[PDB]
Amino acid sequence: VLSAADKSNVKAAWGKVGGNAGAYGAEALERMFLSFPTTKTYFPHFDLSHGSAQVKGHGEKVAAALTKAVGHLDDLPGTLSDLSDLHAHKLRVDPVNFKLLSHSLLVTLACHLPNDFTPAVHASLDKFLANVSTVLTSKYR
């Protein structure tokens, strides 16, 4: 589980995230489709072209969950558990992608929040996402 120090470190960094949760959501989203094209297949009905209505909706719905996660870290098993049902039985997402969004975020933070994005913080967002990720993949097993 997440060290107190990390917990505190998200809240801060994502505190910064601020009212910007779902821009950065659409930004990690889009950095991922290009640098990992494969991952598009999962999002067929979209119009991926830059700043597209629907990506921005996904931009935010995602980032809003993350948010809700940043809320109760002690129970990520549960406050995300609905999403683990979807992401595995309805969509079936090959785990590998979870890292790829993870990575996508990690960057996007850095592009916009250099000075808060210290190493011990980077270490942290990660331990958070790697966290996040597993939750979202509990049901494959």
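Note that residue numbering follows the sequence shown and begins at 1.
Annotation for 38-46 versus 100-108: the higher mean temperature factor (C-alpha) is found in 38-46.
The mean Cα B-factor in the deposited entry runs higher for 68-76 than for the other of 24-32 and 68-76. In the PDB entry, a CA B factor belonging to the highest third of its chain's modelled residues is recorded for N9. Among all modelled residues in its chain, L86 ranks in the highest third by Cα B-factor.
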